[PDB]
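Data file: entry-v9.tsv. Format and content: TSV, C-alpha atoms.
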chain	number	residue	atom	x	y	z
A	334	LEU	CA	152.46	121.54	150.01
A	335	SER	CA	149.66	122.10	147.52
A	336	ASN	CA	147.53	119.47	145.80
A	337	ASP	CA	149.29	120.02	142.46
A	338	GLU	CA	152.70	119.71	144.12
A	339	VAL	CA	151.58	116.46	145.76
A	340	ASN	CA	150.43	115.10	142.40
A	341	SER	CA	153.75	116.09	140.81
A	342	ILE	CA	155.75	114.40	143.57
A	343	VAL	CA	153.59	111.27	143.32
A	344	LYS	CA	154.11	111.12	139.54
A	345	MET	CA	157.86	111.63	140.02
A	346	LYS	CA	158.05	108.78	142.53
A	347	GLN	CA	155.89	106.61	140.26
A	348	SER	CA	158.48	107.19	137.55
A	349	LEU	CA	161.06	106.20	140.17
A	350	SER	CA	158.77	103.37	141.35
A	351	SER	CA	160.38	100.05	140.41
A	352	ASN	CA	157.54	97.91	141.80
A	353	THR	CA	154.85	97.91	144.48
A	354	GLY	CA	152.24	95.22	145.06
A	355	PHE	CA	149.34	97.66	145.30
A	356	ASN	CA	150.55	99.49	142.20
A	357	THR	CA	151.13	96.22	140.33
A	358	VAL	CA	147.56	95.13	141.10
A	359	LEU	CA	146.24	98.51	139.95
A	360	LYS	CA	148.27	98.30	136.73
A	361	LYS	CA	147.00	94.78	136.05
A	362	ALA	CA	143.40	95.88	136.62
A	363	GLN	CA	143.87	98.84	134.26
A	364	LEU	CA	145.39	96.50	131.67
A	365	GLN	CA	142.43	94.13	131.98
A	366	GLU	CA	140.02	97.04	131.47
A	367	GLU	CA	141.96	98.19	128.41
A	368	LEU	CA	141.93	94.61	127.11
A	369	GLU	CA	138.15	94.33	127.40
A	370	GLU	CA	137.81	97.70	125.67
A	371	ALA	CA	139.99	96.43	122.82
A	372	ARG	CA	137.99	93.18	122.70
A	373	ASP	CA	134.71	95.09	122.35
A	374	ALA	CA	136.27	97.05	119.46
A	375	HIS	CA	137.31	93.84	117.63
A	376	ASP	CA	140.95	94.97	117.52
A	377	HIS	CA	142.83	91.70	117.11
A	378	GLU	CA	146.24	93.44	117.05
A	379	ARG	CA	146.13	95.49	120.27
A	380	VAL	CA	144.64	92.59	122.25
A	381	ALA	CA	147.65	90.38	121.48
A	382	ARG	CA	150.05	93.01	122.85
A	383	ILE	CA	147.91	93.51	125.95
A	384	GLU	CA	147.76	89.75	126.53
A	385	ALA	CA	151.55	89.50	126.21
A	386	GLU	CA	152.02	92.37	128.67
A	387	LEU	CA	149.58	90.78	131.13
A	388	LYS	CA	151.39	87.44	130.88
A	389	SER	CA	154.74	89.15	131.50
A	390	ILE	CA	153.47	91.13	134.50
A	391	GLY	CA	151.61	88.22	136.11
A	392	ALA	CA	152.71	84.86	137.55
A	393	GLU	CA	152.56	85.81	141.23
A	394	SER	CA	153.37	83.60	144.22
B	51	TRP	CA	116.18	102.27	121.78
B	52	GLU	CA	112.57	102.02	122.99
B	53	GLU	CA	112.25	105.73	122.09
B	54	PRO	CA	115.14	106.27	119.66
B	55	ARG	CA	114.05	109.64	118.19
B	56	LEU	CA	113.35	113.14	119.47
B	57	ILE	CA	111.82	115.23	116.69
B	58	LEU	CA	111.22	118.97	116.44
B	59	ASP	CA	109.81	120.62	113.34
B	60	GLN	CA	109.21	124.24	112.42
B	61	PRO	CA	107.43	125.70	109.35
B	62	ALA	CA	109.38	128.95	109.28
B	63	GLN	CA	107.55	131.90	107.69
B	64	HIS	CA	109.31	134.98	109.06
B	69	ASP	CA	109.37	131.81	102.51
B	70	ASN	CA	107.88	128.49	103.60
B	71	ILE	CA	110.89	126.70	105.15
B	72	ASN	CA	109.87	123.53	106.99
B	73	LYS	CA	112.86	122.66	109.20
B	74	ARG	CA	112.88	119.38	111.14
B	75	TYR	CA	115.38	119.03	114.01
B	76	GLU	CA	115.78	115.38	115.02
B	77	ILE	CA	118.28	113.72	117.36
B	78	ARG	CA	118.86	109.97	117.51
B	79	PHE	CA	120.25	107.81	120.31
B	80	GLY	CA	123.04	105.43	119.40
B	81	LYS	CA	125.26	102.93	121.18
B	82	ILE	CA	125.73	102.61	124.93
B	83	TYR	CA	129.30	102.78	126.19
B	84	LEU	CA	130.08	101.54	129.69
B	85	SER	CA	133.29	101.80	131.69
B	86	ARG	CA	134.81	100.38	134.82
B	87	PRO	CA	133.94	102.30	138.01
B	88	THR	CA	136.05	105.42	138.41
B	89	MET	CA	136.61	107.98	141.16
B	90	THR	CA	137.01	111.68	140.36
B	91	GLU	CA	138.62	113.61	143.19
B	92	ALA	CA	137.97	117.26	143.98
B	93	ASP	CA	141.35	118.33	142.59
B	94	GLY	CA	140.44	116.81	139.22
B	95	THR	CA	142.44	113.59	139.00
B	96	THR	CA	140.51	110.43	138.15
B	97	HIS	CA	141.57	106.90	139.03
B	98	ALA	CA	140.20	103.38	139.19
B	99	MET	CA	138.08	102.68	142.26
C	75	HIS	CA	62.60	84.76	98.42
C	76	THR	CA	65.50	87.22	98.27
C	77	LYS	CA	64.82	88.80	94.89
C	78	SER	CA	67.80	89.28	92.59
C	79	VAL	CA	69.12	92.82	92.90
C	80	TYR	CA	70.60	93.02	89.40
C	81	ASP	CA	68.11	92.98	86.52
C	82	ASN	CA	69.48	95.61	84.11
C	83	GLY	CA	70.99	92.91	81.89
C	84	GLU	CA	73.97	95.03	80.84
C	85	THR	CA	76.67	92.85	79.31
C	86	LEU	CA	80.36	93.36	78.50
C	87	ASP	CA	81.82	92.03	75.24
C	88	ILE	CA	85.29	91.38	76.64
C	89	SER	CA	87.49	88.76	74.96
C	90	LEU	CA	90.42	87.30	76.91
C	91	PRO	CA	93.64	86.02	75.29
C	92	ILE	CA	94.51	82.51	76.49
C	93	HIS	CA	97.76	80.60	75.81
C	94	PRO	CA	98.13	76.83	75.33
C	95	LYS	CA	99.33	74.87	78.35
C	96	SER	CA	102.49	72.77	78.32
C	97	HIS	CA	100.66	70.14	80.40
C	98	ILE	CA	97.07	69.23	81.23
C	99	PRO	CA	95.83	67.58	84.45
C	100	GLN	CA	94.10	64.23	84.03
C	101	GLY	CA	90.98	63.09	85.86
C	102	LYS	CA	90.96	65.93	88.40
C	103	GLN	CA	91.85	69.64	88.42
C	104	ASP	CA	93.36	69.29	91.89
C	105	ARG	CA	96.49	70.95	93.23
C	106	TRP	CA	98.23	70.91	96.60
C	107	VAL	CA	99.34	74.17	98.21
C	108	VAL	CA	102.63	73.70	100.06
C	109	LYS	CA	104.18	76.18	102.48
C	110	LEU	CA	107.88	76.74	101.86
C	111	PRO	CA	110.07	76.14	104.94
C	112	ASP	CA	113.02	78.35	105.76
C	113	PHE	CA	115.51	75.50	105.22
C	114	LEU	CA	114.09	74.76	101.75
C	115	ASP	CA	114.26	77.12	98.77
C	116	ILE	CA	113.14	77.11	95.14
C	117	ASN	CA	115.49	78.19	92.34
C	118	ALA	CA	113.35	78.39	89.21
C	119	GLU	CA	116.31	79.72	87.23
C	120	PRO	CA	118.34	77.10	85.33
C	121	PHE	CA	121.44	76.07	87.25
C	122	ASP	CA	124.53	77.98	86.09
C	123	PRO	CA	127.58	76.46	87.83
C	124	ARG	CA	130.05	79.24	87.00
C	125	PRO	CA	128.02	82.21	88.35
C	126	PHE	CA	127.10	80.08	91.37
C	127	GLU	CA	130.75	79.33	92.15
C	128	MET	CA	131.78	82.94	91.51
C	129	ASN	CA	128.97	84.36	93.69
C	130	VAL	CA	129.46	82.29	96.86
C	131	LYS	CA	129.58	84.70	99.80
C	132	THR	CA	131.71	84.28	102.93
C	133	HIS	CA	130.64	86.02	106.14
C	134	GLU	CA	132.20	86.38	109.58
C	135	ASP	CA	128.93	85.37	111.26
C	136	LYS	CA	129.15	81.58	111.46
C	137	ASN	CA	125.41	81.13	112.00
C	138	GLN	CA	124.46	83.15	108.91
C	139	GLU	CA	127.08	81.39	106.78
C	140	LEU	CA	125.88	77.95	107.91
C	141	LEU	CA	122.24	78.88	107.27
C	142	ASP	CA	123.13	80.13	103.78
C	143	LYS	CA	125.10	76.95	103.05
C	144	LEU	CA	122.20	74.78	104.21
C	145	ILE	CA	119.60	76.67	102.18
C	146	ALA	CA	121.87	76.65	99.11
C	147	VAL	CA	122.58	72.91	99.26
C	148	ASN	CA	118.88	72.24	99.94
C	149	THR	CA	117.57	74.60	97.25
C	150	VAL	CA	115.51	72.97	94.52
C	151	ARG	CA	117.23	73.57	91.18
C	152	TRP	CA	117.19	72.41	87.58
C	153	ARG	CA	119.49	72.50	84.57
C	154	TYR	CA	119.64	71.52	80.90
C	155	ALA	CA	121.09	68.04	80.38
C	156	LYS	CA	122.63	67.21	77.01
C	157	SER	CA	121.30	63.80	75.98
C	158	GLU	CA	123.65	61.15	74.63
C	159	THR	CA	121.74	61.38	71.32
C	160	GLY	CA	122.57	65.09	70.96
C	161	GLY	CA	119.23	66.43	72.18
C	162	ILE	CA	118.56	68.73	75.13
C	163	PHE	CA	116.42	67.69	78.09
C	164	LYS	CA	115.25	69.34	81.30
C	165	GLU	CA	116.95	67.71	84.28
C	166	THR	CA	116.03	68.34	87.92
C	167	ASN	CA	117.57	67.43	91.27
C	168	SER	CA	114.23	67.05	93.09
C	169	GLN	CA	111.76	64.17	93.20
C	170	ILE	CA	108.55	63.17	94.98
C	171	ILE	CA	108.42	59.78	96.70
C	172	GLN	CA	105.24	57.97	97.75
C	173	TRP	CA	105.66	55.24	100.36
C	174	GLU	CA	103.59	52.10	100.90
C	175	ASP	CA	101.46	53.82	103.55
C	176	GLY	CA	100.38	56.39	100.93
C	177	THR	CA	102.26	59.33	102.45
C	178	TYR	CA	104.25	61.66	100.21
C	179	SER	CA	107.75	63.05	100.71
C	180	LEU	CA	109.73	65.78	98.97
C	181	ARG	CA	113.27	64.67	98.11
C	182	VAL	CA	116.24	66.90	97.30
C	183	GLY	CA	119.41	64.89	96.82
C	184	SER	CA	119.69	62.52	99.77
C	185	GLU	CA	117.48	64.70	101.98
C	186	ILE	CA	113.88	63.59	102.54
C	187	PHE	CA	111.16	65.84	103.98
C	188	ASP	CA	107.79	64.36	104.91
C	189	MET	CA	104.50	65.91	103.79
C	190	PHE	CA	101.59	66.49	106.17
C	191	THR	CA	98.31	67.00	104.31
C	192	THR	CA	95.23	68.72	105.73
C	193	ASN	CA	92.06	68.80	103.64
C	194	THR	CA	90.78	72.30	102.86
C	195	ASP	CA	87.37	73.10	101.40
C	196	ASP	CA	86.32	76.12	99.32
C	197	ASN	CA	89.95	76.89	98.45
C	198	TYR	CA	90.76	77.51	94.78
C	199	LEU	CA	93.55	78.82	92.57
C	200	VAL	CA	92.94	81.73	90.19
C	201	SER	CA	94.92	83.54	87.50
C	202	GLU	CA	95.18	87.32	87.76
C	203	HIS	CA	94.53	89.49	84.70
C	204	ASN	CA	95.61	92.92	85.92
C	205	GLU	CA	95.25	94.71	82.57
C	206	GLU	CA	91.53	93.83	82.53
C	207	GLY	CA	91.02	93.87	86.30
C	208	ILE	CA	89.35	90.45	86.50
C	209	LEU	CA	90.35	87.15	88.08
C	210	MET	CA	90.18	83.90	86.11
C	211	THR	CA	90.02	80.66	88.07
C	212	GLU	CA	92.60	77.93	87.42
C	213	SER	CA	91.89	74.90	89.63
C	214	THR	CA	91.03	73.83	93.18
C	215	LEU	CA	93.45	73.71	96.12
C	216	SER	CA	92.04	70.69	97.93
C	217	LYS	CA	94.86	70.00	100.42
C	218	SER	CA	97.34	72.14	102.33
C	219	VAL	CA	100.70	70.40	102.70
C	220	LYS	CA	103.38	71.07	105.33
C	221	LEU	CA	106.99	69.98	104.88
C	222	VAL	CA	108.64	68.39	107.92
C	223	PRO	CA	112.15	66.92	108.36
C	224	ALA	CA	112.09	63.14	108.40
C	225	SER	CA	114.12	62.55	111.57
C	226	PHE	CA	116.49	64.11	114.09
C	227	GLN	CA	119.51	62.44	112.48
C	228	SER	CA	118.82	64.22	109.18
C	229	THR	CA	121.68	66.61	108.40
C	230	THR	CA	119.26	69.45	107.62
C	231	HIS	CA	117.66	69.20	111.06
C	232	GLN	CA	121.04	69.06	112.80
C	233	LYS	CA	122.31	72.09	110.88
C	234	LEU	CA	119.12	74.01	111.72
C	235	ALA	CA	119.47	73.08	115.39
C	236	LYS	CA	123.13	74.15	115.44
C	237	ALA	CA	122.34	77.46	113.74
C	238	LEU	CA	119.42	78.30	116.03
C	239	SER	CA	121.26	77.20	119.19
C	240	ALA	CA	124.35	79.28	118.44
C	241	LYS	CA	122.25	82.20	117.14
C	242	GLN	CA	120.80	82.95	120.59
C	243	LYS	CA	124.17	82.48	122.34
C	244	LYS	CA	125.66	85.72	120.96
C	245	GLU	CA	124.19	88.67	122.88
C	246	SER	CA	126.38	91.63	123.92
C	247	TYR	CA	125.21	95.12	122.95
C	248	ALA	CA	126.98	97.52	125.31
C	249	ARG	CA	130.57	98.26	124.29
C	250	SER	CA	133.17	98.92	126.98
C	251	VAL	CA	135.37	102.01	127.04
C	252	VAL	CA	137.99	103.58	129.32
C	253	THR	CA	137.40	106.95	130.97
C	254	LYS	CA	140.54	109.08	131.21
C	255	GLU	CA	139.04	112.30	132.62
C	256	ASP	CA	136.02	113.55	134.54
C	257	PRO	CA	132.82	112.83	132.56
C	258	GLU	CA	131.36	116.11	133.87
C	259	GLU	CA	134.23	118.29	132.59
C	260	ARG	CA	132.62	118.98	129.21
C	261	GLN	CA	129.38	120.20	130.79
C	262	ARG	CA	131.08	122.58	133.22
C	263	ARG	CA	133.51	124.03	130.67
C	264	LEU	CA	130.72	124.56	128.14
C	265	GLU	CA	128.53	126.14	130.83
C	266	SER	CA	131.38	128.52	131.65
C	267	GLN	CA	131.75	129.46	127.98
C	268	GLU	CA	127.98	129.90	127.63
C	269	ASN	CA	127.86	132.19	130.67
C	270	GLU	CA	130.79	134.19	129.28
C	271	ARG	CA	129.05	134.70	125.95
C	272	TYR	CA	125.82	135.49	127.81
C	273	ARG	CA	127.62	138.31	129.62
C	274	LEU	CA	129.17	139.55	126.37
C	275	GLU	CA	125.81	139.39	124.55
C	276	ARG	CA	124.05	141.25	127.38
C	277	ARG	CA	126.70	143.98	127.27
C	278	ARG	CA	126.42	144.23	123.48
C	279	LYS	CA	122.61	144.43	123.60
C	280	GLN	CA	122.73	147.12	126.29
C	281	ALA	CA	125.24	148.98	124.10
C	282	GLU	CA	123.16	148.39	120.95
D	153	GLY	CA	127.49	114.31	118.29
D	154	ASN	CA	129.59	111.81	120.23
D	155	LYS	CA	129.71	109.97	123.55
D	156	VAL	CA	127.65	112.22	125.82
D	157	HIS	CA	127.62	111.34	129.51
D	158	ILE	CA	124.10	110.62	130.78
D	159	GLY	CA	124.73	109.32	134.29
D	160	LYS	CA	126.44	106.85	136.59
D	161	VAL	CA	124.98	103.40	137.25
D	162	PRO	CA	125.92	101.64	140.51
D	163	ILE	CA	127.79	98.38	139.96
D	164	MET	CA	126.94	95.14	141.74
D	165	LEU	CA	130.00	93.60	143.36
D	166	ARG	CA	131.61	90.54	141.74
D	167	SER	CA	129.45	91.06	138.64
D	168	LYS	CA	130.89	91.25	135.12
D	169	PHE	CA	131.57	95.00	135.37
D	170	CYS	CA	133.13	94.91	138.84
D	171	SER	CA	136.86	95.39	139.30
D	172	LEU	CA	137.03	92.24	141.45
D	173	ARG	CA	135.80	89.86	138.73
D	174	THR	CA	139.46	89.52	137.73
D	175	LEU	CA	142.42	89.73	140.20
D	176	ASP	CA	142.63	86.03	141.17
D	177	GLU	CA	143.13	84.98	144.79
D	178	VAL	CA	146.41	86.70	145.69
D	179	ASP	CA	145.49	90.21	144.56
D	180	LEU	CA	142.17	89.90	146.38
D	181	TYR	CA	144.16	90.03	149.63
D	182	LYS	CA	146.19	93.08	148.60
D	183	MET	CA	142.95	94.97	147.94
D	184	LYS	CA	141.77	94.10	151.48
D	185	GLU	CA	138.86	92.04	150.12
D	186	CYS	CA	137.76	88.84	151.80
D	187	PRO	CA	137.92	85.86	149.41
D	188	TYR	CA	134.84	84.48	151.19
D	189	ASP	CA	132.80	87.54	150.20
D	190	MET	CA	130.29	86.55	147.54
D	191	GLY	CA	129.23	89.88	146.08
D	192	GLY	CA	125.67	90.46	144.93
D	193	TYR	CA	125.22	93.82	146.66
D	194	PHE	CA	125.75	97.49	145.84
D	195	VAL	CA	127.77	100.09	147.73
D	196	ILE	CA	125.88	103.39	147.98
D	197	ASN	CA	127.49	106.06	150.17
Using the file provided, produce a representation of the structure as structure tokens.
Amino acid sequence: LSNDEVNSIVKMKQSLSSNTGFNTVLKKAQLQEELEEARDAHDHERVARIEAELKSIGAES
Amino acid sequence: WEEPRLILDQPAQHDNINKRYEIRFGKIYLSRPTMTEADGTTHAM
Amino acid sequence: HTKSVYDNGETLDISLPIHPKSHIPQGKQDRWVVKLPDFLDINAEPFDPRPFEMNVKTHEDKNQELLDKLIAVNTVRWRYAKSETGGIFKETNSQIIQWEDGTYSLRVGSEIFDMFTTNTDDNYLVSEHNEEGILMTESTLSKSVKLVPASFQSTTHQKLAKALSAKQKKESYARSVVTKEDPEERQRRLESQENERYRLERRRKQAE
Amino acid sequence: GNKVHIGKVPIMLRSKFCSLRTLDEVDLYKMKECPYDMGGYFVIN
């Protein structure tokens, strides 16, 4: 397989990916980074949506 | 911002046209650390 | 004996226009120079309630808004007061209070600011006559007076402390951002385009 | 004239711009990071 084919297969399985702890942690980190970017831009509307999404994704055990 | 201006000037006669070329430095934007692979894809590190 | 340098005797017949004074000092031509603090302001204009209410400004910055509110409420003002007999009188909101110890205090409303006096010699007040380019003396500035808040519990001091304490708390200049691609991609693609147009330009010049 | 990239600054671990400042206790284990690690150092090469 080529590198591009590997990336395509990984994206396909990510679309198929229901949940994975490593991927959930990565998604939460990316969401936190996006939230701080929105905070620095004084966007009070996006930050509410990002906070709601973070609350929904979180609550681990 | 300690040195916020780079200035070049030129009195063109080649009609006296004094042209000043100046560039200013603005905000600083930082990001979270990121890894850029050889293939081209970038991801959080 | 340092002999006088000027002996020509030349004289100017300049006559200066002088206006009558609304008041005249008694017993001594003495005045006190007072430095104006940041929390105290002077509004020489007569107080106009409607423009003042219509021109109140609201800002997101809490520190600036609080400072403006404090300086506005502490500003020395005056207004025309209609007397009960139908006449008009000048009415002010500021007074000077002298205590039993002899110290003086500037009062605006319920706020009291103490005065600290330091004697100054060879300090005078003059009136400028720009059209003739000469300076006419007015009186002597014997004492320099500083205005100080009376106590910690004074509302002006507490507001100043709050404003200055929260002013230095806000400090964040760099703004975060999210990188989606390689930061070096622009440089390499533009270098490729520049090399391409270099090759084209070299070919054109060799063909020109 | 826009956000031109001037360089990459190494990030001190557990500082405000580190990815581990967030992530709580549980996710710190999934990332193979010791919760007893205190940060305060850089990772060069």
Practice task
Could you jot down the CA of residue 189 in chain D to CA of residue 165 in chain D separation for me, Å, one decimal place?
Solution key: 9.6 Å
Practice task
Hey, list the chain D side of the contact with chain C: 10 Å cut-off, all atoms listed in the file, answer as a PyMOL selection string.
Solution key: chain D and resi 155-160+169
Handout entry: Contact set, chain A to chain D: 12 Å, all atoms listed in the file, as a list in words
Key =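 Applying the cut-off to the listed atoms yields residues 353, 354, 355, 356, 357, 358, 359, 360, 361, 362, 363, 364, 365, 366, 369, 370, 387, 391, 392, 393 and 394 of chain A.
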Practice task
Define the interface residues of chain B facing chain D as those within 9 Å, counting all atoms listed in the file, and report them as a PyMOL selection string.
Solution key: chain B and resi 81-87+98-99
Completion exercise
CA of residue 200 in chain C to CA of residue 101 in chain C measures 19.2 Å
Exercise for the section: Take CA of residue 197 in chain C and CA of residue 216 in chain C and report the distance between them in Å, one decimal. Expected result: 6.6 Å
Exercise for the section: Give as number ranges by chain every residue of chain C that touches chain A within 10 Å, counting only C-alpha atoms. Expected result: C: 246-252
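Using all atoms listed in the file, the contacts of range 88-95 of chain B at a cut-off of 8 Å, with sequence neighbours closer than 4 positions omitted, comprise residues 336 of chain A; 99 of chain B; 253, 255 and 256 of chain C.
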Could you give me the axis-aligned bounding box of range 353-367 of chain A, with 8 Å of padding per side, as centre plus edge lengths in Å to one decimal, as lines of an AutoDock Vina configuration file?
center_x = 147.4
center_y = 96.8
center_z = 136.9
size_x = 30.8
size_y = 21.4
size_z = 32.9
As a PDB file, keeping the file's coordinate frame, could you write out range 167-180 of chain D once it has been completed with N, CA, C and O atoms?
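As a result, out.pdb now contains:
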ATOM      1  N   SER D 167     130.139  91.236 139.906  1.00  0.00           N
ATOM      2  CA  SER D 167     129.450  91.060 138.640  1.00  0.00           C
ATOM      3  C   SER D 167     130.455  91.252 137.503  1.00  0.00           C
ATOM      4  O   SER D 167     131.653  91.436 137.728  1.00  0.00           O
ATOM      5  N   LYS D 168     129.975  91.219 136.258  1.00  0.00           N
ATOM      6  CA  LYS D 168     130.890  91.250 135.120  1.00  0.00           C
ATOM      7  C   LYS D 168     131.598  92.590 134.995  1.00  0.00           C
ATOM      8  O   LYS D 168     132.705  92.651 134.452  1.00  0.00           O
ATOM      9  N   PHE D 169     130.992  93.666 135.486  1.00  0.00           N
ATOM     10  CA  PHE D 169     131.570  95.000 135.370  1.00  0.00           C
ATOM     11  C   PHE D 169     132.252  95.461 136.639  1.00  0.00           C
ATOM     12  O   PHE D 169     132.618  96.634 136.744  1.00  0.00           O
ATOM     13  N   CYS D 170     132.429  94.577 137.609  1.00  0.00           N
ATOM     14  CA  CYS D 170     133.130  94.910 138.840  1.00  0.00           C
ATOM     15  C   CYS D 170     134.624  94.712 138.653  1.00  0.00           C
ATOM     16  O   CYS D 170     135.065  93.878 137.857  1.00  0.00           O
ATOM     17  N   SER D 171     135.408  95.494 139.393  1.00  0.00           N
ATOM     18  CA  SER D 171     136.860  95.390 139.300  1.00  0.00           C
ATOM     19  C   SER D 171     137.393  94.119 139.938  1.00  0.00           C
ATOM     20  O   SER D 171     138.543  93.750 139.680  1.00  0.00           O
ATOM     21  N   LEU D 172     136.598  93.447 140.761  1.00  0.00           N
ATOM     22  CA  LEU D 172     137.030  92.240 141.450  1.00  0.00           C
ATOM     23  C   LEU D 172     136.700  90.963 140.690  1.00  0.00           C
ATOM     24  O   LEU D 172     136.997  89.876 141.192  1.00  0.00           O
ATOM     25  N   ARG D 173     136.074  91.058 139.516  1.00  0.00           N
ATOM     26  CA  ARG D 173     135.800  89.860 138.730  1.00  0.00           C
ATOM     27  C   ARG D 173     137.104  89.180 138.321  1.00  0.00           C
ATOM     28  O   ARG D 173     137.216  87.950 138.357  1.00  0.00           O
ATOM     29  N   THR D 174     138.090  89.971 137.935  1.00  0.00           N
ATOM     30  CA  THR D 174     139.460  89.520 137.730  1.00  0.00           C
ATOM     31  C   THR D 174     140.176  89.540 139.084  1.00  0.00           C
ATOM     32  O   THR D 174     139.534  89.476 140.136  1.00  0.00           O
ATOM     33  N   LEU D 175     141.507  89.559 139.066  1.00  0.00           N
ATOM     34  CA  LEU D 175     142.420  89.730 140.200  1.00  0.00           C
ATOM     35  C   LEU D 175     142.759  88.451 140.949  1.00  0.00           C
ATOM     36  O   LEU D 175     143.581  88.514 141.866  1.00  0.00           O
ATOM     37  N   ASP D 176     142.184  87.300 140.598  1.00  0.00           N
ATOM     38  CA  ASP D 176     142.630  86.030 141.170  1.00  0.00           C
ATOM     39  C   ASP D 176     142.516  86.026 142.689  1.00  0.00           C
ATOM     40  O   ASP D 176     141.783  86.830 143.268  1.00  0.00           O
ATOM     41  N   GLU D 177     143.229  85.105 143.341  1.00  0.00           N
ATOM     42  CA  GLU D 177     143.130  84.980 144.790  1.00  0.00           C
ATOM     43  C   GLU D 177     144.132  85.886 145.502  1.00  0.00           C
ATOM     44  O   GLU D 177     143.806  86.494 146.527  1.00  0.00           O
ATOM     45  N   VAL D 178     145.357  85.978 144.985  1.00  0.00           N
ATOM     46  CA  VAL D 178     146.410  86.700 145.690  1.00  0.00           C
ATOM     47  C   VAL D 178     146.109  88.189 145.740  1.00  0.00           C
ATOM     48  O   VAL D 178     146.200  88.822 146.796  1.00  0.00           O
ATOM     49  N   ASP D 179     145.755  88.777 144.595  1.00  0.00           N
ATOM     50  CA  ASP D 179     145.490  90.210 144.560  1.00  0.00           C
ATOM     51  C   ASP D 179     144.246  90.582 145.333  1.00  0.00           C
ATOM     52  O   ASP D 179     144.088  91.745 145.712  1.00  0.00           O
ATOM     53  N   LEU D 180     143.354  89.624 145.575  1.00  0.00           N
ATOM     54  CA  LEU D 180     142.170  89.900 146.380  1.00  0.00           C
ATOM     55  C   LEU D 180     142.551  90.222 147.817  1.00  0.00           C
ATOM     56  O   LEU D 180     141.815  90.935 148.507  1.00  0.00           O
TER      57      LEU D 180
END
